[PDB]
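Trainee: Before I ask anything, here is the structure I am working with.
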Amino acid sequence: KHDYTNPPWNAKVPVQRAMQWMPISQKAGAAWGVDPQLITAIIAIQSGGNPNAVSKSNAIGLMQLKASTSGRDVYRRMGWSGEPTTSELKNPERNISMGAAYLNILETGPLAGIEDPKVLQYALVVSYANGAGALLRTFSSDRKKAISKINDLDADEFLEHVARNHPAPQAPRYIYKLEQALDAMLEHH
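Taking the authors' numbering, I'd label the letters of the sequence shown as residues 19 to 207.
Right under this line is the structure:
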């Protein structure tokens, strides 16, 4: 019921720009067990493939990591102290390595137990940008119960649930933008 396809998003240039980094995304995806096409879609959607992108809240670089949030999570998972600096997050190789780690952190953490890889992919794009917590709580206040209910859905039912029930209108739009980006990636071989 969110009008999430409006306005139409043309993925062509954002993905063309995100694809410049694909040699890195291939290696980061291999290192973290993460799909390089999901990494590429998230670069296209979050930064437009601009390695110097900086958000209003100082999310930095191709995969829009915030030093005091996503960067801290990447440092904690790695057993490192403190948080990355702005300069480290601007480096395309390190930015993408950290975004891939954050995707692994979401997959192996809050979203652990999701069975269908396509449902997991939709869950990750919505969680990356809007929070794994907010998404899970649309299903249930018990995480374990939310994963159970998600595992009873196919990808189309998952999207339909997010479109009808997610408080954030951008949540279902991330899934739409992901599909536009996967379509545009079909033109790159």
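The beta-carbon is built from N, C-alpha and C at its ideal position, and this holds for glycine as well.
Among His-207, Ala-181, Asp-201, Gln-198, which residue has its Cα nearest to the Cα of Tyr-22?
Mentor: The candidate whose alpha carbon is nearest that of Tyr-22 is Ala-181.
Trainee: Thinking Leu-177 and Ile-193 are a contact (beta carbons under 8 Å), I'd like their distance in whole angstroms, please.
Mentor: With 8 Å as the limit, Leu-177 and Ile-193 qualify as a contact, their Cβ atoms being about 5 Å apart.
Trainee: DSSP on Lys-74, reduced to helix/strand/coil?
Mentor: Three-state DSSP puts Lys-74 in coil, outside helix and strand.
Trainee: Which value, in whole angstroms, describes the spacing of the CA atoms of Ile-78 and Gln-139?
Mentor: Going by the C-alpha atoms only, they are around 23 Å apart.
Trainee: How should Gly-100 be labelled, buried or exposed, when 16 other C-beta atoms within 10 angstroms of its C-beta is the threshold for buried?
Mentor: Answer is exposed; the Cβ neighbour count stays below 16.
Trainee: Tell me whether the segment 42-62 and the segment 100-118 touch, counting them as touching only if at least three CB pairs, one residue from each stretch, are closer than 8 Å.
Mentor: Taking 8 Å as the limit for Cβ pairs, the verdict is that the segment 100-118 does touch the segment 42-62.
Trainee: Between which two residues does the alpha helix (DSSP H) holding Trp-50 run?
Mentor: Unbroken alpha helix (DSSP H) run through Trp-50: 40-50.
Trainee: Which whole runs of the beta strand (DSSP E) in the segment 73-121 are 3 residues long or more, in chain order?
Mentor: Here no run is fully enclosed.
Trainee: Starting from the C-beta of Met-40, find all residues in its chain whose C-beta is less than 7 Å away, skip the five residues before and the five after it, and write them out in chain order.
Mentor: Taken in chain order, the residues that qualify are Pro-54, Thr-58.
Trainee: Just the C-alpha distance for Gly-67 and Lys-108, rounded to the nearest angstrom, thanks.
Mentor: Each residue's alpha carbon lies about 12 Å from the other.
Trainee: If we count the other Cβ atoms within 10 Å of its Cβ and call it buried at 16 or more, is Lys-136 buried or exposed?
Mentor: That one is exposed.
Trainee: With DSSP run on the structure shown, which of helix, strand or coil describes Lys-19?
Mentor: DSSP places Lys-19 in coil when its eight states are reduced to three.
Trainee: Please state whether DSSP places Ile-61 in a helix, a strand or coil.
Mentor: In the structure shown, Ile-61 sits in a helix (DSSP, three-state: H, G or I).
Trainee: Contact check, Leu-56 vs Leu-142 under 8 Å by CB: the rounded distance?
Mentor: With 8 Å as the limit, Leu-56 and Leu-142 qualify as a contact, their Cβ atoms being about 6 Å apart.
Trainee: Return the CA-CA distance between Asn-113 and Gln-198, expressed in angstroms with no decimal places.
Mentor: Whole-angstrom Cα-Cα distance: 23 Å.
Trainee: Could you check where the alpha helix (DSSP H) with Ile-193 kicks off and where it finishes?
Mentor: Start and end: 188-203.
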